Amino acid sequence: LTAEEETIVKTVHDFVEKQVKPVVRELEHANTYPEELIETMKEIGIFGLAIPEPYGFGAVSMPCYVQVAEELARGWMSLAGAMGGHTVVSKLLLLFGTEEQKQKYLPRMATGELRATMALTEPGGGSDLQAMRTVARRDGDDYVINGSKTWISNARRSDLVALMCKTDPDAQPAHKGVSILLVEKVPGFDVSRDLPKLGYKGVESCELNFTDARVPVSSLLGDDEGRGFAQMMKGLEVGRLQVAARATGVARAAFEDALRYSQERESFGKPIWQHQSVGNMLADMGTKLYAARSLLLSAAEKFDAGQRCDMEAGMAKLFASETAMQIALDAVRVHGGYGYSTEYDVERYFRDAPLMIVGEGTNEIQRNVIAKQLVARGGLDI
């Protein structure tokens, strides 16, 4: 990384060590929205990491970005979650947005004055998006939106929502009917309920209801209707990389606590790491985490070099997310009974890890996508 990029990663690490870690336990326990921490994140530039001049201060490299996201997640997964969707919307705007849209939204998004999130998932399905029921019917110079979404993260605090919806529910082929609309908080758009979650606490995830919600037709992302799927798929290069960084972040936290505790707790006359059963866990955890970060960093470099990286980003997400779950459980084992205590942090990492497996696209879907990609590519890029 360049010195400027190294400095950014260090500022975030120091932010996590000095500001996040002292307060996270109490806030996460009470499901308190971390306003002060988020505000500091806006000040250091977290909400503009993908936004270049003239709209923002500059788009850091993807290797820098994943390190930032990892550092945040290592302190508290929810903080990285607070900017994940926002970064994806940023990227979608840059790739596909009109000049007017980019100009309208990107400058305030970069400071975090305006936050954005992604609304794809419907109550009837998050995987089978083609079956979605949310429609956007053209009426004069407006779309009239009727439907619902759920599990939408940061939905209350985000005043721009990238809504995947059916601009033509009767299109043939059906993919021509699906678009992305950039939807502000207009009448008829209700953020109807906060959903109670195992982990990812502090950040709200919500049901959305649209009852004849009118938005200008200029809300369309890009010039053409029916590009929503192709657009999303490109968005997922960044999405999958950030989720993977979230997972290596949670894994780092759990591994660090486990390794530290194994030196401080003794049994049968020695530090517990010197029992092979515990040392073996530490060796496996560290080795898999090194593999996971190595893969992540490799995928990020491919992204940065402008090479095809869609499969690689997916593999990063699959591997890191499964790895973080394994590491989290083993960190609990290393603490013995104290692993089960809410006065230690490992139980929280254990609660947080599944989010990246089931709640950021599923890993079953991710495997299906990787298999298709392997066949298309003919193997790994070696």
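One-based numbering along the sequence shown.
Between 346-354 and 35-43 (mean CA B-factor, as deposited), the higher: The entry gives the higher C-alpha B-factor average to 35-43.
Of 314-322 and 54-62, the stretch whose C-alpha atoms average the higher B-factor in the entry: Result of the comparison: 54-62.
From 260, 270, 138, 240, residue of greatest CA B-factor: Highest C-alpha B-factor among the listed options: 138.
Options 286, 107, 123, 249 - largest CA temperature factor per the record: Answer for 286, 107, 123, 249: 107, with the highest C-alpha B-factor.
CA B-factor ranking of residue 179, expressed as a third of its chain: Middle third - that is where residue 179 ends up once the chain's C-alpha B-factors are sorted.
Chain thirds of CA B-factor: placement of residue 376: Lowest third.
Third of the chain's Cα B-factor distribution that residue 275 belongs to, per the entry: Lowest third of the chain for residue 275's C-alpha B-factor.
CA B-factor ranking of residue 256, expressed as a third of its chain: Answer is lowest: the recorded C-alpha B-factor places it there.
Chain thirds of CA B-factor: placement of residue 364: Answer is lowest: the recorded C-alpha B-factor places it there.
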